[PDB]
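>>> this one's experimental. Sequence and coordinates below.
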Amino acid sequence: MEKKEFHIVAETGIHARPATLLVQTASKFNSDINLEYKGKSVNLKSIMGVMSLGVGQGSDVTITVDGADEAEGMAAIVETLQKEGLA
């Protein structure tokens, strides 16, 4: 299991295209991937879950990756957050 904290700085927060690309990336892995904000956790492979969380600019979030491809899954997520300018 891998866990990492991130501070969201995009003006859009996790919404619109930045949110869809993130979920698409998460969806490529077999591990369980969860996003947690202010104590509530959602499946990062679910666009509905992510939208329900309502993560805006300045938010502190935690991502947990747990499974057979968790090393490359966490790495890919870190890469994607930085490439999209989310965190």
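Thanks, I have the structure now. Residues are numbered from 1 along each chain as shown.
>>> which residues does the residue lying closest to residue 26 once chain neighbours are set aside contact?
Sequence neighbours aside, residue 44 is the residue nearest to residue 26 in space, at 4.1 Å (criterion: C-beta to C-beta, 6 or more residues apart in numbering). Placement of C-beta: from N, CA and C, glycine included. Taking C-beta atoms under 8 Å, 6 or more residues apart in numbering as the criterion, residue 44 is in contact with 22-23, 26, 33-35, 50, 63, 77.
>>> buried subset of the residues you listed?
Among the contacts of residue 44, those classed as buried by 16 or more other C-beta atoms under 10 Å are 22-23, 26, 33-35, 50, 63, 77.
>>> export those residues to TSV and tack on secondary structure and distance to residue 11?
Formatted as TSV, those follow (DSSP: H, G, I helix; E, B strand; the rest coil; distance: C-beta to C-beta, whole Å):
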residue	secondary structure	distance to residue 11
22	helix	16
23	helix	19
26	helix	22
33	strand	24
34	strand	25
35	strand	19
50	helix	17
63	strand	21
77	helix	21
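>>> so can I have a markdown table of these showing distance to residue 10?
Formatted as a markdown table, those follow (distance: C-beta to C-beta, whole Å):
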| residue | distance to residue 10 |
| --- | --- |
| 22 | 10 |
| 23 | 15 |
| 26 | 17 |
| 33 | 19 |
| 34 | 20 |
| 35 | 14 |
| 50 | 13 |
| 63 | 15 |
| 77 | 15 |
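>>> might one say that residue 15 is in contact with residue 53?
No: using C-beta atoms under 8 Å, residue 15 is not in contact with residue 53, being 10.2 Å away.
>>> who has more neighbours out of those two?
residue 53 (21 against 15; other C-beta atoms under 10 Å).
>>> and the more buried one, its phi and psi?
Main-chain dihedrals, residue 53, degrees, to the nearest 10: phi -70, psi -30.
>>> my guess is it contacts residue 42. True?
Yes: between residue 53 and residue 42 there is a contact at 5.4 Å, judged by C-beta under 8 Å.
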